[PDB]
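Colleague: Handing you this structure, nothing more for now.
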Amino acid sequence: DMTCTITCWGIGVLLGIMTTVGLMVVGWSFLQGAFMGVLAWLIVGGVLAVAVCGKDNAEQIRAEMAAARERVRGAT
Amino acid sequence: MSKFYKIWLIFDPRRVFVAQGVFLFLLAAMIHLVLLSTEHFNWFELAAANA
Amino acid sequence: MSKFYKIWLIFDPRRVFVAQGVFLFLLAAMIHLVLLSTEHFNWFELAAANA
Amino acid sequence: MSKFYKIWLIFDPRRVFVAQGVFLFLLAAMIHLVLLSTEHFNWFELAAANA
Amino acid sequence: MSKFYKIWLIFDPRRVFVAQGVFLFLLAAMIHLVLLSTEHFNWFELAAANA
Amino acid sequence: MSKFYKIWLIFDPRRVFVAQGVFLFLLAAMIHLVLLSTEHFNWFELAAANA
Amino acid sequence: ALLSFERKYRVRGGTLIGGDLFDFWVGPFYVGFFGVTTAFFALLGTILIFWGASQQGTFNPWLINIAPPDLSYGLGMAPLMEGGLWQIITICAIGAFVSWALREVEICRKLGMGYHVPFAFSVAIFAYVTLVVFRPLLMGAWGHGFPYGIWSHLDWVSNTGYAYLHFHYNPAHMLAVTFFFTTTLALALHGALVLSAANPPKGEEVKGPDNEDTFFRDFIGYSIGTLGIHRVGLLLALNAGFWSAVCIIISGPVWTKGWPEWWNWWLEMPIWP
Amino acid sequence: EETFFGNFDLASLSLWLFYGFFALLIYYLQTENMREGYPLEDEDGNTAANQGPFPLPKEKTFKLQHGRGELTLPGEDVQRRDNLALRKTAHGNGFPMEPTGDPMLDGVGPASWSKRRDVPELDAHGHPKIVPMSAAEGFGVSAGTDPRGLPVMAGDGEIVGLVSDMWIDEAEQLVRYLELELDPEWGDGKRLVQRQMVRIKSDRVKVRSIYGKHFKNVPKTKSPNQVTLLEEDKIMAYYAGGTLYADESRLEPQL
Amino acid sequence: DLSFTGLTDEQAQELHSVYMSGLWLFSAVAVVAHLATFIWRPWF
Amino acid sequence: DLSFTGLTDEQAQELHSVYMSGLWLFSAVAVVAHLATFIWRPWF
Amino acid sequence: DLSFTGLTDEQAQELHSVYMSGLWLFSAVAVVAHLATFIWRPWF
Amino acid sequence: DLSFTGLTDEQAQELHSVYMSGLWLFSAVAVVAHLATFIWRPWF
Amino acid sequence: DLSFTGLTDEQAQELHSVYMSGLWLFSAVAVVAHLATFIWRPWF
Amino acid sequence: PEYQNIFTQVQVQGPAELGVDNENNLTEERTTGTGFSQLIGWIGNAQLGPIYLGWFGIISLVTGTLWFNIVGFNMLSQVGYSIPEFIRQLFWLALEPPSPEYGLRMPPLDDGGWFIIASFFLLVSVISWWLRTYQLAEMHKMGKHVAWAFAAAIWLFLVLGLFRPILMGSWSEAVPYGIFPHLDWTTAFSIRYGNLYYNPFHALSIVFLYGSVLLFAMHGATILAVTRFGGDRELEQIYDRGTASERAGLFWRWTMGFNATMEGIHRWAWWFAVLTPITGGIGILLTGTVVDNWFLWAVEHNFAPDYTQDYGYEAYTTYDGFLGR
Ligand code: BCL
Ligand code: BCL
Ligand SMILES: CC[C@H]1c2cc3[nH]c4c(c3C)C(=O)[C@H](C(=O)OC)c4c3nc(cc4[nH]c(cc(n2)[C@@H]1C)c(C(C)=O)c4C)[C@@H](C)[C@@H]3CCC(=O)OC/C=C(\C)CCC[C@H](C)CCC[C@H](C)CCCC(C)C
Ligand SMILES: CC[C@H]1c2cc3[nH]c4c(c3C)C(=O)[C@H](C(=O)OC)c4c3nc(cc4[nH]c(cc(n2)[C@@H]1C)c(C(C)=O)c4C)[C@@H](C)[C@@H]3CCC(=O)OC/C=C(\C)CCC[C@H](C)CCC[C@H](C)CCCC(C)C
Ligand SMILES: COC1=C(OC)C(=O)C(C/C=C(\C)CC/C=C(\C)CC/C=C(\C)CC/C=C(\C)CC/C=C(\C)CC/C=C(\C)CC/C=C(/C)CC/C=C(\C)CC/C=C(\C)CCC=C(C)C)=C(C)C1=O
Ligand SMILES: COC(C)(C)C(=O)C/C=C(\C)CC/C=C(\C)CC/C=C(\C)CCCC/C(C)=C/CCC(C)CC/C=C(/C)CCC=C(C)C
Ligand SMILES: COC(C)(C)C(=O)C/C=C(\C)CC/C=C(\C)CC/C=C(\C)CCCC/C(C)=C/CCC(C)CC/C=C(\C)CCC=C(C)C
Ligand SMILES: COC(C)(C)C(=O)C/C=C(\C)CC/C=C(\C)CC/C=C(\C)CCCC/C(C)=C/CCC(C)CC/C=C(\C)CCC=C(C)C
Ligand SMILES: COC(C)(C)C(=O)C/C=C(\C)CC/C=C(\C)CC/C=C(\C)CCCC/C(C)=C/CCC(C)CC/C=C(\C)CCC=C(C)C
Ligand SMILES: COC(C)(C)C(=O)C/C=C(\C)CC/C=C(\C)CC/C=C(\C)CCCC/C(C)=C/CCC(C)CC/C=C(\C)CCC=C(C)C
Ligand SMILES: COC(C)(C)C(=O)C/C=C(\C)CC/C=C(\C)CC/C=C(\C)CCCC/C(C)=C/CCC(C)CC/C=C(\C)CCC=C(C)C
Ligand SMILES: COC(C)(C)C(=O)C/C=C(\C)CC/C=C(\C)CC/C=C(\C)CCCC/C(C)=C\CCC(C)CC/C=C(\C)CCC=C(C)C
Ligand SMILES: [Fe+3]
């Protein structure tokens with residue numbers, strides 16, 4: 001599922017560009033906006049990749065997989 | 001609104017709890033610091049001014 | 001409010017205790033340093049100015 | 001309060017003992033350093049000034 | 001206080017000795033150096049000035 | 001006081017001997033240099049100024 | 001004179017151009033179309049350099065200096081004594097480097113292996129071309145290139161570095177220096193590990209990859225593997241070259257003032273109290 | 001500071017000492033690298049009249065693991081091929097060689113292989129290093145696209161079969177070979193492909209080095225559970241020889 | 001029905017009840033805090 | 001009875017009680033310290 | 001009983017008692033030192 | 001008896017005895033040195 | 001008897017005797033040197 | 001195009017490897033617990049840990065942490081304990097070496113005492129790490145090449161920090177602990193003693209650094225080129241020569257007229273890398289103690305170039321002409 005991670009990284013890059021342009025609009029300079037945009041890229045891209053792409057596809061496999069770990073625990 | 005309990009049939013409670021615990025503290029810290037970055041709502045400086 | 005004890009059925013108490021201790025110590029150190037960073041509540045300088 | 005002994009059923013004494021020793025030594029060292037860094041509680045300079 | 005011997009049932013007798021030796025030597029050297037940095041407790045300079 | 005011989009039941013004599021030799025030589029050299037760095041205890045300058 | 005295992009590899013084919021017209025060897029060297037071009041360009045450049053040295057008035061290796069023209073000549077041609085020989089030698093050097101790269105490509109094709117080495121050499125060629133072509137072209141004069149002298153091409157570096165007050169404050173210079181240092185450290189560690197694995201103390205058996213993996217996991221807690229280390233080294237060297245080129249190309253045509261002043265964006269952010 | 005004579009001072013002495021040390025070090029480094037491939041020979045297989053300015057080094061001994069004996073270098077060439085199907089295109093030295101039969105089948109040129117030992121490579125425990133994935137307990141795919149079950153396309157667009165297994169390196173947790181089951185039209189049995197010469201896609205695996213008709217003559221392994229160094233060399237080089245010998249246009253000048 | 005984590009309907013109901021009670025008490029404290037801040041110094 | 005750790009309902013009460021007692025002791029100590037600091041130097 | 005470290009109740013109580021004795025001695029030493037320092041040089 | 005290093009009660013007791021025997025001598029030497037230093041060049 | 005390194009009681013006693021003899025000789029030599037140095041150029 | 005072997009197509013994961021062992025019992029000090037990173041698995045190995053915890057490692061970690069904390073707390077106190085200002089000026093702060101007036105005596109805490117204490121801690125930590133790297137190689141039954149190559153850099157470290165200040169008789173000759181301050185020290189040291197370009201040993205160190213970077217680029221490209229023949233398994237190629245080594249050697253023999261072996265190239269790499277700090281330390285040790293002006297030294301030794309043309313802008317153009325007026 002590397003494609004979803006690459007999509008999240010691209011979304012983060014686009015969000016960084018948008019935030020940079022917005023910071024130009026507010027009244028900052030190029031580098032001041034660029035630094036905050038890069039921050040936003042890395043933070044939001046990492047968060048989305050860990051969270052959204054961590055929801056691997058499963059409908060009934062997830063429940064028994066969740067239930068299986070509920071049995072290993074409680075006796076260890 | 002009586003069927004809001006189904007969100008626990010989809011979302012993992014532990015991950016959501018960790019995310020909320022991080023987010024609430026972060027938002028509280030940012031709000032307090034933003035209140036500290038002004039002049040009218042800075043109690044540390046207000047105490048010195050009134051001393 | 002009377003069913004708050006169920007939180008330990010979700011999170012392992014070891015990690016919670018370690019994180020709580022680390023967070024409390026770091027927050028206390030940060031708050032003491034912030035109080036040191038000002039002039040009104042700098043107790044060492046206040047003692048120096050009263051002698 | 002009387003059930004505080006149960007911490008040893010959750011935490012290994014060997015690791016927490018070393019952690020406590022290291023933390024106590026570091027805290028004492030930094031507090032003594034902070035005292036030495038000031039002009040009001042520097043005993044070495046107080047000895048020279050008095051005599 | 002009469003049952004402090006049980007620390008050897010928790011810790012190895014060799015690691016403690018090595019750590020204690022290194023710690024003692026480092027602390028003694030640091031304290032002697034700190035003493036040498038002042039103008040009132042430097043035995044070399046006091047001997048030089050008293051001649 | 002009379003049972004200090006047991007230290008050899010814990011420490012390997014080879015490592016202790018090597019460390020002792022290195023430590024003794026380094027400490028002697030460091031003390032000699034520290035004396036040489038002063039004006040009162042430099043025997044070469046004292047000999048030069050004697051004549 | 002061939003190696004004891006070389007004869008079976010000396011077959012015909014794998015030429016980009018020329019066929020069997022230049023398909024032979026001279027001693028150990030392999031000759032082709034690009035070998036002929038390389039020989040011609042290199043010999044012409046060397047003989048022109050020594051002609052310029054003779055006309056300068058010194059044959060001392062430390063003191064030979066061939067310099068670019070003055071800034072007043074612009075991008076045009078200068079008299080051959082007032083800096084035109086430098087332009088001719090630059091053309092010859094570019095041709096020789098390109099021919100060398102293409103000869104390496106032909107050798108790789110004949111041996112049936114990958115084309116990584118010419119690609120790596122292309123980055124050094126790019127850095128040289130940025131030094132002598134792209135930056136002078138953007139600045140508007142051929143006189144911005146460095147002279148061809150052993151000890152006179154360091155005075156140019158010094159004066160160009162001091163033209164911006166403090167060149168250590170260039171961020172791309174920081175990146176390039178960090179890459180250089182990291183590459184040197186990685187090479188040292190790789191060589192030491194391989195040599196130690198293949199050369200144990202006397203009377204002991206040789207080791208294998210498992211032993212090296214254990215060693216570095218015991219040492220620092222992570223091992224990159226026998227295949228990842230080569231990728232890492234190649235990438236580090238290529239990044240060092242690329243960022244050196246970027247650092248030299250942003251200094252003149254993009255930034256004009258001193259480099260320490262560039263940090264005023266950080267020093268004057270609105271977030272600070 | 002003063003000078004010993006003229007302009008000679010401590011710095012000059014250090015520089016000259018470094019010059020001498022560097023000369024000796026260069027001699028040592030060059031001599032150390034002449035333990036394989038010497039003495040030199042001419043194009044007729046005889047010893048050449050010229051051997052260079054660096055004399056041969058002295059002998060060193062390697063003590064190998066798993067009781068495989070010792071290796072002493074420099075020495076005789078034990079990896080030498082015996083009968084090569086090659087022909088001289090000139091009466092003197094410095095000219096290429098001409099294949100006599102089928103270069104891909106005769107192992108000459110870019111298809112050449114070395115006569116290595118006919119035993120598998122062992123790990124620290126003494127087991128064969130490369131093992132099929134169906135005999136490795138606890139191993140599974142963790143990332144990327146699983147190639148098992150996908151069709152295989154040759155260098156000319158022909159489908160020859162399906163990927164049936166992978167051969168992995170247990171010690172280093174890396175995939176080494178991909179096993180292929182051939183259609184009856186294109187041959188019989190199974191063949192191995194090294195991982196460095198394949199491109200796994202979402203619906204297919206492509207091998208651009210050789211064509212469809214060259215798949216039946218890939219060297220086969222003697223055992224279904226292990227592979228030796230000699231077999232790996234012959235399989236791997238057969239696959240490399242197709243970059244030049246699979247077509248007439250790959251050998252002639254591209255222009 | 002639509003279980004993903006391994007919960008039953010009544011288990012989810014109990015979880016929701018406890019969580020909502022805690023959240024509403026936490027907000028009840030903050031409401032008094034906000035009224036105290038407004039009384040000390042209005043900001044509107 | 002849901003459990004993502006393995007603890008039982010009976011076991012998950014004594015630990016909560018001890019944790020609550022520790023929290024109450026910490027809160028009392030903090031309240032005393034804050035009252036002393038407010039006496040020494042007010043900030044409101 | 002619940003025990004993640006393989007210890008019994010009585011051993012834990014003994015270790016807690018010894019640790020408490022050590023903590024009380026350390027706290028007494030710290031209190032004496034603080035009183036002496038405050039007498040020598042007040043900071044409040 | 002609870003143990004983690006393999007030592008017994010008597011071995012630990014003897015080791016502690018000799019350890020404190022050395023520690024008391026070290027502390028006495030340090031105390032004598034400190035008193036001599038205070039007599040020579042007082043602080044506080 | 002306890003033994004970590006692997007020696008016995010008698011070997012340890014003999015080694016300690018030799019070590020202490022050498023240590024006493026070295027300490028006596030150092031004491032004489034220090035006394036001579038203090039007479040030559042005294043500190044304190 | 002053909003696969004270039006820069007990123008792995010498919011990853012596989014099995015049971016974690018705990019490591020080899022012998023009668024020295026390396027297992028008793030190794031930790032328990034490992035992880036897997038799929039992000040790093042695209043380039044190299046995915047398993048993370050475990051690590052070996054001796055006494056040298058713990059001592060080095062603790063003492064280096066002490067040095068770090070001392071420097072950081074001094075920098076924090078220098079700014080008034082203001083966290084926003086500490087963050088704002090992080091790259092500009094430092095812990096300055098003592099003043100020149102104190103010679104080699106111990107200076108006060110305000111003018112270099114903390115610097116000396118932190119330097120002592122850093123020295124102890126570095127020596128402990130070197131001892132650990134020697135001990136590990138001694139217990140796994142291997143050569144000690146890693147220890148020698150570390151000692152090569154420790155030599156320059158000590159020359160820059162310990163030996164030269166003692167030879168010059170002042171603790172003020174050391175390097176400050178800061179990001180921009182240390183670059184400032186580099187530039188000021190270069191200016192103060194003539195031109196460091198004309199120091200021959202700086203030139204030799206530059207030569208070896210360039211050669212080392214060139215050699216890793218070449219070796220990485222060569223190994224990735226012949227990886228289709230199992231060329232990354234270098235040890236088995238050394239013990240039993242295959243076609244990959246022959247092709248790799250023949251490439252360079254046909255390119256430049258001479259080549260190497262699979263084992264001899266690593267000797268070349270080791271020496272080019274090691275020779276840089278050695279020459280650098282030798283060159284640094286001679287500055288000030290022997291030579292005080294390197295341009296004058298070059299002039300006296302007749303390898304300083306001479307220029308004929310003139311100086312000044314008025315010899316080439318006009319002020320109004322530059323402005324376009
Ligand atoms: C006052 C001086 C300034 C300064 C001014 C500059 C300037 C100005 C430059 C840099 C450049 C560089 N600086 Mg700086 N720099 C300073 C001091 C330093 C310090 C330090 C103090 O420690 C370091 C580590 C560096 C290091 C570096 C590298 C990051 C970089 C070198 C380029 C390179 O290697 O490209 C290597 C690439 C090549 C050019 C190789 C070309 C090879 C060709 C293709 C093949 C040759 C064939 C040959 C003729 C064959 C003949 C031989 C036959 C056998 C006969 N600088 C000081 C602070 N720095 C340089 C840079 O970035 O250049 C782009 C540069 O010009
Ligand atoms: C204006 C600047 C001056 C100049 C001033 C200097 C000075 C001054 C020096 C250098 C030095 C060097 N110069 Mg010069 N140099 C100039 C221009 C250049 C240019 C250029 C213009 O392109 C180049 C290529 C270089 C590059 C170089 C290197 C060849 C050499 C560094 C040796 C080395 O191995 O460093 C690598 C660094 C080290 C090995 C340091 C030691 C590392 C130790 C082991 C660190 C221990 C670890 C630590 C304690 C723990 C950290 C925490 C961890 C995370 C746990 N210089 C100009 C002319 N140069 C050095 C030298 O040797 O010159 C003779 C030196 O001192
Ligand atoms: C440039 C070399 C320097 C270095 C490098 C280094 N150390 C490393 C690594 C690297 C590259 C690791 O990958 C590894 C590590 O775990 O990193 C997170 C590690 C490590 N070196 C360590 C310490 C260490 N190394 C030291 C030495 C050094 N570190 C060298 C000087 C020192 C010093 C100077 O004293 C110390 C204190 C440990 C913190 C760690 C050893 C790993 C270990 O024992 O257990 C780790 C395994 C786990 C329990 C799980 C993985 C850890 C993750 C952080 C948690 C979960 C993440 C997930 C599983 C994937 C991670 C994502 C990736 C992006 C990392
Ligand atoms: C041949 C010369 C080259 C070289 C070689 C070299 N360096 C080496 C070695 C070798 C052969 C080692 O074996 C050794 C090593 O461990 O390598 C992995 C090392 C090393 N060279 C290093 C640095 C280094 N090398 C450099 C350069 C060079 N070293 C040369 C180019 C340079 C520069 C300026 O160019 C630097 C900065 C280290 C990475 C390492 C030495 C490790 C050491 O001494 O550690 C001592 C411990 C401490 C100071 C404690 C630090 C405590 C920290 C505050 C936290 C713990 C560390 C943590 C991993 C960092 C923070 C992580 C965060 C996530 C929190
Ligand atoms: C593991 O794997 C690996 C290996 O393997 C095991 C390796 O080994 C290596 C390689 C690494 C090493 C060997 C380590 C050492 C390397 C270095 C230190 C790198 C630095 C190298 C150098 C400084 C030396 C490089 C030298 C060069 C580039 C010059 C050599 C070139 C020539 C002399 C000319 C080239 C010849 C040509 C073009 C053919 C001639 C042209 C013709 C037209 C032929 C027609 C005939 C004539 C013109 C007349 C006859 C010609 C003659 C006699 C030629 C000479 C002419 C002169 C004028 C002198 C690596 C990396 C590796 O990872
Ligand atoms: C690690 O994780 C786990 C789960 C185990 C934990 O959560 C563990 C947690 C701990 C181990 C926590 C431990 C906490 C402490 C030991 C806290 C101790 C706190 C104090 C001793 C605080 C003392 C504060 C004193 C103050 C603020 C004094 C102020 C004095 C004045 C302002 C002067 C005014 C004048 C007068 C006369 C007042 C008189 C003095 C008084 C103190 C009332
Ligand atoms: C940073 O702040 C400044 C600079 C102001 C400071 O200076 C700060 C300073 C401090 C914070 C200092 C703190 C100092 C301490 C906490 C010091 C503590 C010291 C000790 C606990 C020392 C203990 C020493 C013990 C000794 C010497 C024991 C010796 C024992 C023996 C010689 C006998 C042992 C032999 C045995 C067991 C053999 C028997 C073997 C058997 C098998 C039976
Ligand atoms: C490593 O692990 C193990 C377990 C092995 C250990 O812990 C081993 C530990 C050791 C082997 C430790 C060894 C320690 C030593 C050998 C320590 C030795 C210490 C000294 C010899 C200290 C001497 C100190 C002397 C001093 C401070 C003298 C001062 C003199 C004056 C100040 C003069 C002034 C005198 C006046 C005015 C007269 C009045 C004085 C009166 C006392 C009345
Ligand atoms: C490495 O591991 C092992 C176990 C092997 C070891 O640890 C081995 C260790 C050794 C083999 C160590 C060996 C050590 C030596 C051989 C040491 C020798 C030391 C000396 C010979 C020291 C001599 C010192 C002499 C001095 C200080 C002379 C001073 C003279 C004056 C100051 C002159 C002025 C004198 C006056 C005014 C007279 C006053 C003196 C009177 C006595 C009245
Ligand atoms: C981690 O994940 C999980 C799911 C577990 C969580 O989300 C857990 C979350 C928690 C454990 C959260 C815990 C939260 C707390 C413990 C919060 C505590 C909050 C306080 C104690 C807040 C106190 C606020 C006090 C204030 C604002 C005082 C103000 C005083 C003045 C302004 C002084 C002037 C007052 C005047 C004049 C009185 C006038 C006011 C009137 C209302 C009349
Ligand atoms: C001013 O602002 C700044 C930030 C600068 C500050 O200075 C901030 C400072 C702080 C925030 C400081 C905070 C400090 C603390 C919270 C300190 C807490 C300290 C403790 C809780 C200490 C506890 C100590 C306990 C001890 C010493 C107990 C026992 C010791 C023993 C040696 C007992 C021995 C035990 C044995 C042998 C076990 C028995 C074994 C068996 C097998 C049964
Ligand atoms: C306070 O906030 C927290 C807790 C977060 C912190 O701790 C923050 C910490 C930081 C922000 C820290 C930042 C640290 C740096 C930016 C550090 C930079 C350090 C350097 C650039 C260091 C360079 C060191 C050395 C150099 C360049 C060369 C040589 C040095 C030496 C050989 C040193 C050895 C010294 C010796 C041998 C002398 C010792 C003296 C004796 C008398 C023995
Ligand atoms: Fe290699």
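Chains: A, B, ... in order of the structure tokens. Residues: from 1 per chain. Ligands: from 1, in order shown.
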How would you write, as a PyMOL selection string, the set of residues no farther than 9 Å from ligand 13 when counting only C-alpha atoms and all ligand atoms?
Modeller: (chain G and resi 190-191+194+226-227+229-230) or (chain N and resi 219-220+223+232-234+262-263+265-266)
Colleague: Considering only alpha helix (DSSP H) as DSSP defines it on the backbone, what residues of chain B qualify? List them as a compact mmCIF listing (two decimals) with N, CA, C and O atoms, in the first residue's frame.
Modeller:
# COMPACT_ATOMS: atom_id res chain seq x y z
N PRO B 13 -10.57 2.24 19.91
CA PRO B 13 -10.61 3.16 21.06
C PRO B 13 -9.24 3.62 21.54
O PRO B 13 -9.10 4.77 21.96
N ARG B 14 -8.23 2.75 21.48
CA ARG B 14 -6.92 3.11 22.03
C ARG B 14 -6.24 4.18 21.18
O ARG B 14 -5.69 5.15 21.72
N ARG B 15 -6.26 4.01 19.86
CA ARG B 15 -5.64 4.99 18.98
C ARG B 15 -6.33 6.35 19.10
O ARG B 15 -5.66 7.39 19.17
N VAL B 16 -7.66 6.34 19.13
CA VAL B 16 -8.42 7.58 19.26
C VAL B 16 -8.13 8.24 20.60
O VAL B 16 -7.99 9.47 20.70
N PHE B 17 -8.04 7.44 21.67
CA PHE B 17 -7.74 7.99 22.99
C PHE B 17 -6.37 8.64 23.02
O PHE B 17 -6.20 9.74 23.56
N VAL B 18 -5.36 7.98 22.43
CA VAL B 18 -4.02 8.56 22.39
C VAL B 18 -4.01 9.85 21.59
O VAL B 18 -3.43 10.87 22.01
N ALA B 19 -4.66 9.85 20.42
CA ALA B 19 -4.70 11.04 19.59
C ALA B 19 -5.39 12.20 20.31
O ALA B 19 -4.90 13.33 20.28
N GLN B 20 -6.51 11.93 20.97
CA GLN B 20 -7.22 12.98 21.70
C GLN B 20 -6.39 13.48 22.88
O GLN B 20 -6.38 14.69 23.16
N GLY B 21 -5.71 12.58 23.59
CA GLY B 21 -4.89 13.00 24.71
C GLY B 21 -3.76 13.91 24.28
O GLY B 21 -3.42 14.88 24.97
N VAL B 22 -3.15 13.62 23.13
CA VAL B 22 -2.12 14.51 22.60
C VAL B 22 -2.74 15.84 22.16
O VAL B 22 -2.23 16.92 22.50
N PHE B 23 -3.85 15.78 21.42
CA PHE B 23 -4.41 16.96 20.79
C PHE B 23 -4.95 17.95 21.81
O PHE B 23 -4.78 19.17 21.66
N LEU B 24 -5.63 17.47 22.85
CA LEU B 24 -6.21 18.37 23.85
C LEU B 24 -5.12 19.13 24.59
O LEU B 24 -5.22 20.35 24.78
N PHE B 25 -4.06 18.43 25.00
CA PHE B 25 -2.96 19.10 25.69
C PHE B 25 -2.27 20.09 24.77
O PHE B 25 -1.91 21.20 25.19
N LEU B 26 -2.05 19.71 23.50
CA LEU B 26 -1.42 20.63 22.57
C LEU B 26 -2.26 21.89 22.38
O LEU B 26 -1.73 23.01 22.39
N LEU B 27 -3.58 21.73 22.21
CA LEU B 27 -4.44 22.89 22.01
C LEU B 27 -4.47 23.77 23.25
O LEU B 27 -4.45 25.00 23.14
N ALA B 28 -4.51 23.17 24.44
CA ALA B 28 -4.49 23.96 25.67
C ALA B 28 -3.19 24.74 25.80
O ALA B 28 -3.20 25.92 26.18
N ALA B 29 -2.05 24.10 25.49
CA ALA B 29 -0.77 24.79 25.57
C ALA B 29 -0.70 25.95 24.58
O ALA B 29 -0.25 27.05 24.93
N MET B 30 -1.15 25.73 23.34
CA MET B 30 -1.14 26.81 22.35
C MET B 30 -2.07 27.95 22.76
O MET B 30 -1.73 29.12 22.57
N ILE B 31 -3.24 27.63 23.32
CA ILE B 31 -4.15 28.69 23.74
C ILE B 31 -3.54 29.50 24.88
O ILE B 31 -3.59 30.74 24.86
N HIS B 32 -2.94 28.83 25.87
CA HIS B 32 -2.32 29.56 26.97
C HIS B 32 -1.16 30.43 26.47
O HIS B 32 -1.01 31.58 26.90
N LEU B 33 -0.34 29.90 25.56
CA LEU B 33 0.78 30.68 25.03
C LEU B 33 0.29 31.87 24.21
O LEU B 33 0.88 32.95 24.28
N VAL B 34 -0.77 31.68 23.42
CA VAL B 34 -1.33 32.78 22.64
C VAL B 34 -1.85 33.87 23.58
O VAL B 34 -1.66 35.06 23.33
N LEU B 35 -2.52 33.46 24.66
CA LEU B 35 -2.93 34.44 25.67
C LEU B 35 -1.73 35.13 26.30
O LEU B 35 -1.81 36.30 26.68
N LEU B 36 -0.59 34.43 26.41
CA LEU B 36 0.61 35.02 26.98
C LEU B 36 1.33 35.96 26.02
O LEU B 36 2.13 36.79 26.47
N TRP B 43 -0.81 38.07 32.56
CA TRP B 43 -0.88 38.24 34.01
C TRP B 43 0.50 38.41 34.64
O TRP B 43 0.64 39.11 35.65
N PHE B 44 1.53 37.78 34.06
CA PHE B 44 2.88 37.92 34.59
C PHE B 44 3.34 39.37 34.55
O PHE B 44 3.92 39.88 35.51
N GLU B 45 3.09 40.06 33.43
CA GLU B 45 3.43 41.47 33.33
C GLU B 45 2.45 42.36 34.09
O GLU B 45 2.85 43.40 34.61
N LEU B 46 1.18 41.95 34.16
CA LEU B 46 0.19 42.74 34.89
C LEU B 46 0.52 42.79 36.37
O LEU B 46 0.31 43.83 37.02
N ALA B 47 1.02 41.69 36.93
CA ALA B 47 1.41 41.68 38.34
C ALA B 47 2.54 42.67 38.60
O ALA B 47 2.53 43.39 39.60
N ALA B 48 3.54 42.70 37.71
CA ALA B 48 4.64 43.64 37.88
C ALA B 48 4.19 45.08 37.69
O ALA B 48 4.69 45.98 38.37
N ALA B 49 3.27 45.32 36.76
CA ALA B 49 2.77 46.68 36.54
C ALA B 49 2.02 47.20 37.75
O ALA B 49 2.14 48.38 38.10
Colleague: Could you please extract the residues within 8 Å of ligand 12, counting only C-alpha atoms and all ligand atoms, and hand them back as a ChimeraX atom specification?
Modeller: /N:68-76,90-91,93-94,116-123,157-162,174-179,182
Colleague: Output the contact residues of chain J with respect to chain D at a cut-off of 12 Å, based on only C-alpha atoms, as number ranges by chain.
Modeller: J: 14-26
Colleague: Compare C:5, C:11, C:51, C:37 by their minimum atom-to-atom distance to chain B, counting only C-alpha atoms, and give me the closest one.
Modeller: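 Nearest to chain B: C:11.
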